[PDB]
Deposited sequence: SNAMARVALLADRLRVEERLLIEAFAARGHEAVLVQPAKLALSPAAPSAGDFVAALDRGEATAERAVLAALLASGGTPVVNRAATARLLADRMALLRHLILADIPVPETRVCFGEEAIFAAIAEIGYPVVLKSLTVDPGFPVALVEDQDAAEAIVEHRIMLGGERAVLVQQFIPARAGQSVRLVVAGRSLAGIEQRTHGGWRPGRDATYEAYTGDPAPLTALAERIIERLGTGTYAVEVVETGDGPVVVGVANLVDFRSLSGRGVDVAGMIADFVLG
């Protein structure tokens, strides 16, 4: 019985998982998705009892999780959750329906709409493609000169016109909170060092937020980016739990929890 680690190369997190899976009686194996040519009639990546996606959440990895799952190989994160990590639009509507606070957002399907939303929301804002895409990273827009620049760059770089115009809530570095969910429970709370450091504040309110997120969004291996405000916390995004190096450093057995969540 083996376990597939969907990744391109083994890093620190990947070898910690190979220990935790070996400690639990399973041989974790690096499976590079670049070499996967799956057949829709019977998709499979080899003999595996489970697959664990160790890559950045994108649209085709949700496709990969759905194909493998339909073929008999369970995948973490499950396809539907991987879709919420890959699709900012689907995640946004899911958090809204769950009554979880998110920044003011507009869905804009053209250049005019983008400036229409920028006028209504007011500077600053961020432009986010509806689907997580490395070719279009999140774009901060402080003023109209910044707006005319990114809008010109995207018109010039192709035609995936629809973007999200989202209000920017600046954080004093210590309010750049990251809620680490390692399967079934909150593995820890961290804060960015403007590179994740242990949270040095009241952890109960963020724990309550993470517990609602797990209850409504589901269990999995992911990290919720949160920004603390004077009105309360605000969820800005969710991503796959790729970096749990820092949290494992402080004795939190993140890899063990993940290995437990994968085999059950």
property: Missing residue ranges, deposited sequence indexing starting at 1; result: 1 to 4, 199 to 207
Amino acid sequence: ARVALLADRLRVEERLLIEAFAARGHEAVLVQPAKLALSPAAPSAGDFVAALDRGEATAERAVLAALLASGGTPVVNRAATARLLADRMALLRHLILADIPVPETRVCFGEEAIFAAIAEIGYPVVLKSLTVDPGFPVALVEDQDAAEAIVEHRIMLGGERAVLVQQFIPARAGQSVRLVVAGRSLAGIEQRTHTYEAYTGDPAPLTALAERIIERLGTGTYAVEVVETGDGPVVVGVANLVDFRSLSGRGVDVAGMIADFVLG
From here on, numbers count along this sequence of modelled residues.
{"query": "Mean C-alpha B-factor comparison - 156 to 164 and 124 to 132, higher one", "finding": "156 to 164"}
{"query": "Residue stretch of maximal mean CA temperature factor, 16 to 24 vs 237 to 245", "finding": "16 to 24"}
{"query": "From 215, 228, 53, 60, residue of greatest CA B-factor", "finding": "228"}
{"query": "Among 182, 86, 173, 107 - the residue whose C-alpha B-factor is largest in the record", "finding": "173"}
{"query": "Chain-wide C-alpha B factor ranking for residue 117, given as lowest, middle or highest third", "finding": "middle"}
{"query": "For residue 178, the third of its chain into which the C-alpha B factor falls", "finding": "middle"}
{"query": "Cα B factor band for residue 39 (lowest, middle or highest third within the chain)", "finding": "middle"}
{"query": "Third of the chain's Cα B-factor distribution that residue 111 belongs to, per the entry", "finding": "middle"}
{"query": "Residue 73 - Cα temperature factor, lowest/middle/highest third of chain", "finding": "middle"}
